[PDB]
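What follows is a single structure, written as structure tokens, with notes after it.
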Amino acid sequence: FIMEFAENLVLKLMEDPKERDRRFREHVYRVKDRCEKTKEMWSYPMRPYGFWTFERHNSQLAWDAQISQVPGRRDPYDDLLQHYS
Amino acid sequence: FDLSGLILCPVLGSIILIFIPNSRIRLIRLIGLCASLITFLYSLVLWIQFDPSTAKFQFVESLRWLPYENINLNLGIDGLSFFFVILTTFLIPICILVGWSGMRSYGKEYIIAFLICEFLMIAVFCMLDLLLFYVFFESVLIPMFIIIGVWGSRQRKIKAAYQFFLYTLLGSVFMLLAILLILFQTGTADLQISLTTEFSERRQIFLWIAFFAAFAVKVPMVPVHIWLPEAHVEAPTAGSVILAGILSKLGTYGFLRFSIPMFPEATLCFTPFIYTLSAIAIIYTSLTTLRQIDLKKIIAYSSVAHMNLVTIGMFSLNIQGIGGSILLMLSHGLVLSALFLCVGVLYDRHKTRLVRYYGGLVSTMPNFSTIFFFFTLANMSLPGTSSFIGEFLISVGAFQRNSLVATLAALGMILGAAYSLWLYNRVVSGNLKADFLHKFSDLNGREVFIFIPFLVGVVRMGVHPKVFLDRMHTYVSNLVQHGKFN
């Protein structure tokens, strides 16, 4: 009965071939999906397309529109007309 | 019973030794030996649960190293790496057992370095990720260099360590370039995807060239073998055992795993190149082993010749050739370890390596003479030994592939039966030189026990190689069948 117990213990050891194959397939599919995702992540250029339209990059326009009435940068005719009216 | 547990066993013992005072040398030795033996038994339990039927990697474990870029840590075995894992795990406790007598002078750093090396070896052989495999591949460089430099016999240890480090670093660096190129091309470093993805013929040629350079630094070929004899000569006996039976086998493992199946067309294109390199290396290295004066140099050049036989046996892309290559890898690890242990015993007794001083050791060391004769026979590849099994299977594959290179490799039989016999006769046979050596002692209990597993392993793998052969036929068949679909 010692050999029978040893065989049962060895069978309790090892791994289920069905579970091993399923895990292998799942792991390979996951790696393939993630690697194509990382390749498309790397494919993007460093300079974005819309960077010239971004609000953060176009920060001078708002400030200068706010500050356009300061005497240091006024159009002379604007000052003339505001004096006239 | 998992590979992560196998990797973590040396770590716990290493930490325990790090946090123990150096004055408790008995405790340090006992704990290191216990950790090594526990890891060996754990690896054996992993052996009694290995499935030789499937071709998939058996105990696949996934850990999150980098969630992006697909460099997650994958731990797995398939049948080829497995016997190397067992070999390293078995050979580590032998290294601690060797320095048992004078371990206080060595200190706990010796055992800590060897345990860290064991950790690195298990990590290398249990890996399904190319980048992490390279990481540990080059990690093994630290402990061996430190061992050679710190515990070398004489001042040439500095030059030997420098040569070893520089050669291995250059090879590893070119391999790193190739691996990063593969990563950028494929999007992942996973072994399964790298095997199932194509490469351009020019890209295959360049990547294979880089990998071949990296691995040929490890496995000694014609131009890059000169660093190995000096490294063995200047390293301690345990360091020589490790460097002979572990690191070269690492190199040939990496080559066989990542070069042959990944780049089939490149391997076919470069197959005559490695055949001629291996034949030239075998003949030249055996002939230069014949005219040598240092024991460590003799066994180191024998290592070079047999490793070149291994690499001549892999591109014989058939079951016989590849199985013989793997079997002779294991057998040569055992035989090199045993021969370097014998030379280390001789050096520890009488602090010299030249064979001019030695002679007539039958009358004073009969057990050592018997052990040395058996292991010189194993190096010679006498029938009924594991080295013979590997060599004959390699020659069968080489004759099925290319008769000329098979004959050139078989010419190594005559030369290997020459220097082995002549060295054994010089050292053991003859009359005592009482003027040079006049006090002698035979092998003691510790050394005799150390030699016991080597004899049993060699005899079992030679007389009945069925277990080792059947544990890898599936992987060998799948590896040869990888390129084709017919």
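Here's how to read the names in the structure tokens: chain A, B, ... by the order shown, residue numbers from 1 in each chain, ligand numbers from 1 in the order shown.
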Could you build a table of the residues in chain A lying no more than 7 Å from chain B, giving for each the nearest pair of atoms and their separation in Å rounded to one decimal place, using only C-alpha atoms, ordered by chain and ascending residue number, as a Markdown table?
| residue | atom | partner | partner_atom | distance |
| --- | --- | --- | --- | --- |
| A:10 | CA | B:49 | CA | 6.4 |
| A:13 | CA | B:49 | CA | 5.9 |
| A:14 | CA | B:49 | CA | 4.6 |
| A:31 | CA | B:70 | CA | 7.0 |
| A:34 | CA | B:70 | CA | 6.9 |
| A:35 | CA | B:187 | CA | 4.6 |
| A:36 | CA | B:187 | CA | 6.3 |
| A:38 | CA | B:69 | CA | 5.9 |
| A:39 | CA | B:187 | CA | 5.3 |
Please produce an output containing C-alpha atoms for each residue in the selection, written as a compact mmCIF listing (two decimals), in the first residue's frame.
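What landed in part.txt:
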# COMPACT_ATOMS: atom_id res chain seq x y z
CA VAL A 10 2.47 12.22 -6.69
CA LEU A 13 1.32 16.88 -6.80
CA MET A 14 2.08 18.05 -10.36
CA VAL A 31 0.60 39.41 -23.43
CA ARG A 34 -0.84 44.33 -24.04
CA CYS A 35 2.18 44.30 -26.37
CA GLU A 36 0.20 45.62 -29.32
CA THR A 38 2.29 49.25 -25.83
CA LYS A 39 3.46 49.41 -29.45
**Report entry** Who sits within 8 Å of residue 9 in chain B, only C-alpha atoms, same chain under 4 positions skipped, as a PyMOL selection string
**Finding:** chain B and resi 5+13+35+38-39
Using only N, CA, C and O atoms, please write the residues we just selected to a file, as a compact mmCIF listing (two decimals), in the first residue's frame.
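Listed below is the output, again20.txt:
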# COMPACT_ATOMS: atom_id res chain seq x y z
N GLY B 5 9.10 29.76 -4.28
CA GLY B 5 9.65 29.22 -3.05
C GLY B 5 11.08 28.73 -3.22
O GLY B 5 11.92 28.92 -2.35
N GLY B 13 18.14 32.12 4.13
CA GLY B 13 19.40 31.75 4.75
C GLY B 13 20.45 32.83 4.61
O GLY B 13 21.23 33.09 5.54
N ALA B 35 20.39 25.42 5.05
CA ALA B 35 19.64 26.09 4.00
C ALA B 35 19.92 25.47 2.64
O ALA B 35 18.99 25.24 1.85
N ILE B 38 18.22 22.03 2.48
CA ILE B 38 16.77 22.20 2.37
C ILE B 38 16.38 22.59 0.96
O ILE B 38 15.41 22.07 0.40
N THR B 39 17.14 23.51 0.35
CA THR B 39 16.86 23.90 -1.03
C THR B 39 17.05 22.72 -1.98
O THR B 39 16.28 22.54 -2.93
**Report entry** Spatial neighbours of range 142-151 of chain B, 6 Å, only C-alpha atoms, chain gap at least 2 places, as a ChimeraX atom specification
**Finding:** /B:113,117,140,157-158,161,235
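With only C-alpha atoms as the atoms that count, the residue of B:378, B:389, B:472, B:18 with the shortest distance to residue 455 in chain B is B:378.
The residue that comes closest to residue 137 in chain B, out of B:249, B:159, B:332, B:232 and on the basis of only C-alpha atoms, is B:249.
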